[PDB]
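Form deposited in one PDB entry, single chain, as C-alpha cells, below.
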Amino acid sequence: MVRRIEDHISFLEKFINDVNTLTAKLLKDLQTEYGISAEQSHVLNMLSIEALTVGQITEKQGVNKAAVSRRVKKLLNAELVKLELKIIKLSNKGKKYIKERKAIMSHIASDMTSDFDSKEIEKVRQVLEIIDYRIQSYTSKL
C-alpha cells in the first residue's frame, strides 16, 4: 500500500500541473485583453464563488499579506472588483470576465468528456467530494 498511495499522489500532482498548464494557455489571450495577469485571474475566480476579504484570500493563497493587498488594489483600480475587513466582491466587469473564462473552459471540457457515462462520473464526483470535505476539514484543524 505504501507505493500505492504514493503513486496516486505522484499522479495527482501531475494531473494538477497539467490542468494548470492547460488553463494558463487557454486563458493567456483573455487575460491579455483584460490587462490582468494569471495571478489576478485566479483571484477573480475565487471571488466568482464567494465574496472575500483580504484576510480570507491570504489564508487560501499563501504567505502574501501585502502581495494580496497590492493585487486587490490593482483589481480595484481596474474596476474588476468592488467594495460595499472590507467587502471584496466582483464588479459587473469582473463578471463579464468570469463569464468569458467559464465559456472558454466549458467548451473544451465538454468536447473532452462528451463520451463519459454520467453515472460513472457521478460516482467519481461523490468520492472526490468526500475527500474535498476531508481536505477542507483537516485544513481547519491545523
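Under this definition, the rigid core comprises the largest set of C-alpha atoms superposing within 1.5 Å between the forms. Counting begins at 1, following the sequence as shown.
Here the subject shifts to the form deposited in another entry, a form of this protein not shown in this document.
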item: 2 Å-or-more CA mover between this form and the one not shown, where superposition uses the core and the choices are 30, 67, 76, 104; value: 67
item: Yes/no, residue 41 Cα shift of 2 Å or more between this form and the one not shown with rigid core fixed; value: no
item: Rigid-core frame, C-alpha of residue 91, shift of 2 angstroms or more between this form and the one not shown; value: no
